[PDB]
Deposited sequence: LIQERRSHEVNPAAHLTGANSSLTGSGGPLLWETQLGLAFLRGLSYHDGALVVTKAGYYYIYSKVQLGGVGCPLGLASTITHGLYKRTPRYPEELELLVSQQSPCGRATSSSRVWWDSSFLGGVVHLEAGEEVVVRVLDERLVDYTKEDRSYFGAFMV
């Protein structure tokens, strides 16, 4: 069975703490198959190369004119997050909408984790499960 997951924006997604986004893992389009989840992280149980992705729908009113959207690894072997795939966008150039998508193949051991962070978080629309999400699959 090939690990896969797709996690969706949820009412709890934006903590305001500067930490990772949280996600839904079972309702509507969300699911886990051969991966786990823990406090915002996808937790890997089978080691290998994974294609990881995330899309965030961004939006706001006028204008931290720069948004960073990224996927980061956590390993117990080092006490700081490691960057995997990051984008910077300045879409504030009244109402605007932009969506940021990231995907890429990374190596992950059992027990390592992946998270998503956006700065600033508040520009993320979490109100719709089809518009912000985070997933992966083994390749």
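- Against the full deposited sequence, the model leaves out several stretches, namely 1 to 9, 73 to 76, 107 to 112.
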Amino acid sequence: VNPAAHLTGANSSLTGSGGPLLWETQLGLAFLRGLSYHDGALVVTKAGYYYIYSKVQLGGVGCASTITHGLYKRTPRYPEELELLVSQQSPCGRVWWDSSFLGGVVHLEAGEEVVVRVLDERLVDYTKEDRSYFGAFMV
From here on, numbers count along this sequence of modelled residues.
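- When the two stretches 84 to 92 and 24 to 32 are set side by side, the higher mean Cα temperature factor goes to 84 to 92.
- Relative to one another, 64 to 72 and 100 to 108 have unequal mean CA B-factors, and 64 to 72 is the one with the higher figure.
- Remark: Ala5 belongs to the lowest third of its chain, ranked by C-alpha B-factor as recorded.
- Split the chain's modelled residues into thirds by C-alpha temperature factor. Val124 is in the middle one.
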